[PDB]
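Trainee: Can you keep this structure in mind? I'll have questions shortly.
Here the Cβ is made from the backbone with ideal geometry for all residues, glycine too, and neighbour counts use every protein chain on show. A short reminder: the numbers here are calculations on the coordinates, not readings from a lab.
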Amino acid sequence: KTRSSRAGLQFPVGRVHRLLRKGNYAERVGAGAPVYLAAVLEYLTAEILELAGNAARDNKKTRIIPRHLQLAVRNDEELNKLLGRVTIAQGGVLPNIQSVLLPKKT
Amino acid sequence: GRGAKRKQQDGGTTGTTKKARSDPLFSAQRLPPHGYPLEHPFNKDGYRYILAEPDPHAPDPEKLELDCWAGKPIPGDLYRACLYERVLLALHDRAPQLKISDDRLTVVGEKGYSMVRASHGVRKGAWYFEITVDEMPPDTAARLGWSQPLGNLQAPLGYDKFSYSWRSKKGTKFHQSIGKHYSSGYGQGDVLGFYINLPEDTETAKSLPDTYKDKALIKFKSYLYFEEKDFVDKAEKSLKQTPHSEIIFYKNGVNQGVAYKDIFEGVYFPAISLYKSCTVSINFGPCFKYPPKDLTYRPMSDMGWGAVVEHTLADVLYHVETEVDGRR
Amino acid sequence: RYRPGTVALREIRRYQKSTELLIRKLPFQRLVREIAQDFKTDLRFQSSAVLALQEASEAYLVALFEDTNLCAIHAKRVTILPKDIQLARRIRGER
Amino acid sequence: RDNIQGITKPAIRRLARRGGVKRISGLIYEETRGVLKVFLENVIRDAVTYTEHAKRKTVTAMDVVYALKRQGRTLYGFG
Amino acid sequence: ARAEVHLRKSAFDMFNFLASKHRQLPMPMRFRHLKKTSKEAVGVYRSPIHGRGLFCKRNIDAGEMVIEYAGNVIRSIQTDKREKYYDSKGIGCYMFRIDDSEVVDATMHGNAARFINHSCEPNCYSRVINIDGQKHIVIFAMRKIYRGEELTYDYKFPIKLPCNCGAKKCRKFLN
Amino acid sequence: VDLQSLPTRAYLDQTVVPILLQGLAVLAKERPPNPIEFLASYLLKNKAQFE
Amino acid sequence: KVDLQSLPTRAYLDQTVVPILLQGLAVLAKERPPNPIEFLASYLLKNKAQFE
Ligand SMILES: Nc1ncnc2c1ncn2[C@@H]1O[C@H](CSCC[C@H](N)C(=O)O)[C@@H](O)[C@H]1O
Ligand SMILES: [Zn+2]
């Protein structure tokens, strides 16, 4: 019988518990730790992937290229606070031009 | 030397500007994307723009390269956007919000009010034709009946004397925004018969334009359009009565009685009026029920020499007047 | 064409939209080979591995440039200068 | 050998375009090459340390990411 | 004082909010700012030029997308009945003609931008773009917005509804 | 028909379509040596199809 | 020589049978006859032997 459906989450819980048990983070763990971790990873993954899909439909492309993920992570501010010193392969950079460097004439 | 194209694109000073606006859902027309038999129903009620029956023009506008239309215009043999034998409604005096099939049998309206008119008049003979209403969703008025080209193609059927209607819902007769509870309603699967009762020869008044500058010819970007436009405030004041002045809204033989009388004197076009999205099939001609009495509504879509000769005939048909007119 | 400074904006925007690498494969690979030979001899590299390093470089490098940029703005000028690069390197806390 | 000249003018020009500049001096390339060389040697020191500790004379990609993580940066999408 | 009849009787007013206080990047994806971060920078208060107005408690500088104007978009045939009903109910000339073929009626349906005024010394100019195949009108500013001023755009009518604003350059008319 | 309620050019383009079309085509492309009987037969061949 | 490269077919019919067609179209547009074949034949016989 399964264990992920007991809480209705999607990320595995048995896998998390086994990997944390063999990860020697401590010697003895409770029962709510694996389900709680599965839940928080679920929430963070959903938070990122919703913006990923929004960026995918921005350019009208079904497949999500990593550029979309880069834009979605960078344009948000809380992510930029949490993903401070992290880069992305093939990610690129969001467009930006300094304000005072903008020529004009009549 | 490159300002002529910009003048042709902005609009110039030849009457109406060279920037079309037909923002409702316009379809079933404008097939060949080049200088060939074309049509542009315009937002402005009363603008008919067509390219079939072509014509040459004077070359050398501003001493640029010699234009190919100097004395020997390029030929054309392809699809022509109209009908000859018996126009199933029309393709010229229409609103740019009506969806018609390629064979021109079904009529689908806009989110708002819409109509289709025809291009064939009736003076004598039997024209016992039918309009099979395929379906009629709620809040989709399906008033059908004859009308006049002077009628505003977006005005409600019956709003002006040019147009005559019988309401599909509750059968309440409506004309000039005046309503009387008269008959019973119609709708889904209800074929509307229509036989304008003038088997005997009559007399009417056809044309009396009031404007000329809006009737001009100039290249839009790569093709010509014929600004054949109607007016309103002058046409409505030339309103007259005529013989067999009764637009009867039958029910395929059975008739509730002609709703409104004293119809406008002029060329009659059977107008089908929709109010929302709804399809409807048609069968018009000098017949009773079967469409194939004359040639069965030829589309003139063939590659043989018949298309070539008919296109050249139309070219000459307009060439006679483009030669005898004298261009400004 | 003419009017210098106009083409720069078009180029920079075009490249800002794009997201490709900027260093030719073979020269960078040979340079990594040389700097590895400096440490130890006869090291077999994974084609995936080199690529890896490559990307990281630009990341680091581009960040540095941006910083120098604003430093030039602090000096009432547009052109960036070497001295600004040492400015950024020292002020970042990585000397 | 001499390959530091391999990173030529147009490439560093394009990466300056990445940075957000248009006006750059002609005497900036040498110290950029120096900074780049310093970064590469600093990373590859830890890289070769990792690859030789595991007794494998080859160099993989996952250890490169490992050294990048230990240094202070982090790389995503590779291993 | 309940014994003397004071004048200015007829009003024909609809938005009964008139008070004497009035205490005030690529293109397609910018849609979010229209619906979420566009409800604080502008307040609704009593305009000094004429009638009601959209005063300001925030600041917005040049070249900044601000508001999308939406209303009951109709064709030009409904203009006749609409003007007749405007005369009947006492409705102003809300015939917002984006083009000669489609007009944005604002008497049965409309947005908060129905509160604008007209003057020959305005603060903003109009602009229109196309997103996802649909033409939408979004305004980009040319200067900075101060706290306590009213948005107004030039109608650009080529030279009888007077335009009473009091500005020196005010042509006193829609022209 | 053909007099008042049917415009002259509209009558040409609407009612008698299959007769003058074929005659004009044959006299502009084929031109038989004796076209009088051809045009007479074509005119008589359309008698209960158009009013 | 007819309609190969020199004279376009539309231009050919606009430049080869004019003196009969303009009269025919004028009489069908003004005299409005249901049977205008007689007029066309009469104007064709006027230049039957005059056709270059
Ligand atoms: N200062 C002014 N004086 C008179 N009419 C004005 C005006 N400014 C705008 N209008 C007209 O009023 C119409 C919009 S209704 C006016 C906005 C709103 N009712 C309010 O209270 O402010 C526009 O068509 C415009 O032509
Ligand atoms: Zn003023």
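Trainee: If you take the Cα atoms of the protein assembly as shown, find Rg, then find the Kirkwood Rh from the mean of 1/r over all pairs, what is Rg/Rh?
Mentor: Rg/Rh: 1.09.
Trainee: Now, a different point. Please report, to one decimal in angstroms, the Kirkwood hydrodynamic radius of the range B:225-297 built from all distinct Cα-Cα pairs.
Mentor: It is 16.0 Å.
Trainee: To the nearest 0.05, how large is the calculated FRET efficiency for B:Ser277 and E:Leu161 if R₀ is 41 Å and r is the Cβ-Cβ distance?
Mentor: Calculated value: 0.60.
Trainee: Still on this structure, please answer the following. Could you give the nm distance between label points at A:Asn80 and D:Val38, where each point is 7 Å from its Cα heading toward the beta carbon?
Mentor: The two pseudo-label positions are separated by 2.7 nm.
Trainee: Further question: Between the helical axis of C:6-17 and the dominant principal axis of chain C, each derived from Cα atoms, what acute angle in degrees is found, rounded to the nearest 10?
Mentor: For helix C:6-17, the angle is close to 50 degrees.
Trainee: Here's something else I'd like to know. List the relative contact order of chain D as a percent without decimals, with contacts defined as Cα pairs under 8 Å and 6+ residues apart.
Mentor: Over chain D, the number comes to 19 percent.
Trainee: Over the Cα atoms of the range C:20-73, each weighted equally, I'd like the Debye log10 I(q)/I(0) at q = 0.28 Å⁻¹, rounded to two decimals.
Mentor: Evaluating at q = 0.28 Å⁻¹ gives log10 I(q)/I(0) of -1.11.
Trainee: Sticking with this one: When the chain is fully extended, how far beyond the present Cα-Cα distance does E:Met29 get from E:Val44, taking 0.36 nm per residue of separation?
Mentor: Here the segment from E:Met29 to E:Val44 would lengthen by 2.6 nm.
Trainee: Within a 10 angstrom radius of each residue's Cβ in E:101-113, how many Cβ atoms of other chains show up on average? Whole number is fine.
Mentor: Across the residues of E:101-113, the mean count of other-chain Cβ atoms within 10 Å is 1.
Trainee: Report the residues of the range C:51-83 in range of a label on D:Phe78: point 7 Å along Cα→C-beta, backbone N strictly under 20 Å from it.
Mentor: C:51-65
Trainee: So for the pair B:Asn197, E:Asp13, with labels modelled 7 Å out along Cα→Cβ, what separation do we get in nm?
Mentor: Inter-label distance under the simple model: 6.0 nm.
Trainee: Sticking with this one: Dipole of the range A:2-87, Cα-centred, from +1 at each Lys and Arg C-beta and -1 at each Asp and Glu C-beta, to the nearest 20 debye?
Mentor: The dipole magnitude comes to about 460 debye.
Trainee: Starting from the amide H of B:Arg30, placed 1.01 Å from N in the peptide plane, find each other amide H under 5 Å away whose residue is 5 or more places distant or on another chain.
Mentor: Those qualifying (amide H under 5 Å, at least 5 residues apart or on another chain) are B:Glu39.
Trainee: Work out the charge dipole of the protein assembly as shown with +1 on the Cβ of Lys and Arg and -1 on the Cβ of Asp and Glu about the Cα centre, then indicate which of F:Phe38, B:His40, E:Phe17 is farthest towards its positive end.
Mentor: E:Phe17
Trainee: Related question: Where in the range A:31-52 does the label zone of A:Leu9 land, with the point 7 angstrom along Cα→C-beta and an amide N cut-off under 14 Å?
Mentor: A:31-46
Trainee: Moving on to the next point. Just add up the charged neighbours of B:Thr106: K/R +1, D/E -1, any other residue whose Cβ is under 13 Å from the Cβ of B:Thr106.
Mentor: Counting the neighbours of B:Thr106, the net charge comes to -2.
Trainee: Which residues does the label zone of A:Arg57 cover in the range E:105-143, counting backbone N under 19 Å from a point 7 Å along Cα→Cβ?
Mentor: E:131-135
Trainee: How many partner chain Cβ atoms sit within 10 Å of a residue's Cβ in peptide B:34-43, on average, as a whole number?
Mentor: 1
Trainee: So, one more: Just from its helices, what would the mean residue ellipticity at 222 nm be for the protein assembly as shown, if runs of 4 or more DSSP H residues each count -39500 (n - 2.57) and the sum is divided by every residue, rounded to the nearest 500 deg cm²/dmol?
Mentor: Estimated from H runs of four or more residues: -9500 deg cm²/dmol.
Trainee: Other chains near C:34-41: what is the mean number of their Cβ atoms within 10 Å of each residue's Cβ?
Mentor: Mean shielding by partner chains, rounded to a whole number: 5.
Trainee: Here is a follow-up. Strictly greater than 26 Å: what percent of every Cα pair in chain B meets that?
Mentor: 51 percent
Trainee: Further question: Could you rank the peptides D:16-25, B:268-277, E:54-63 by their average count of other C-beta atoms within 10 Å per residue, with the highest value first?
Mentor: B:268-277, D:16-25, E:54-63
Trainee: Can you give the FRET efficiency to the nearest 0.05 for C:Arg33 and B:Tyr79, using r as the Cβ-Cβ distance and R₀ = 56 Å?
Mentor: In this case the efficiency is close to 0.25.
Trainee: Just to confirm the number: angle between the C-alpha axis of helix F:35-45 and the first principal axis of chain F, 0 to 90 degrees, nearest 10?
Mentor: Orientation of helix F:35-45: about 40 degrees from the principal axis.
Trainee: Moving on. Which FRET efficiency value, to the nearest 0.05, do you get for D:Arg45 and E:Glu149 by plugging their Cβ-Cβ distance into 1/(1 + (r/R0)^6) with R0 = 60 Å?
Mentor: Computed FRET efficiency for D:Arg45 and E:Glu149: 0.45.
Trainee: Here is a follow-up. About its Cα centre, what dipole magnitude does the protein assembly as shown give when the only charges are +1 on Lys and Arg Cβ and -1 on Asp and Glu Cβ, stated in debye to the nearest 20?
Mentor: The calculated dipole for the protein assembly as shown is roughly 5660 debye.
Trainee: Label-point separation (nm) for E:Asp87 and B:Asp262, each offset 7 Å from Cα along Cα-to-Cβ?
Mentor: 2.2 nm
Trainee: Report, to the nearest 10°, how far helix D:62-71 tilts away from the longest principal axis of the Cα atoms in chain D, using its own Cα long axis and a range of 0 to 90°.
Mentor: With rounding to tens, the tilt is 70 degrees.
Trainee: When the gyration tensor of chain E is built from Cα positions, what are the square roots of 5 times its three eigenvalues, in whole Å, from largest to smallest?
Mentor: The answer is 28, 22, 16 Å, longest axis first.
Trainee: Follow-up. Quote the charge dipole size of chain B about the Cα centre in Debye, to the nearest 20; the model charges only the Cβ of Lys and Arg (+1) and of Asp and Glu (-1).
Mentor: Dipole of chain B, to the nearest 20 debye: 1000 debye.
Trainee: Now, a different point. Considering the options C:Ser57, B:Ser238, E:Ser126, tell which one lies farthest towards the positive end of the dipole of the protein assembly as shown, charges being +1 on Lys and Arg and -1 on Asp and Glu at the Cβ, about the Cα centre.
Mentor: C:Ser57
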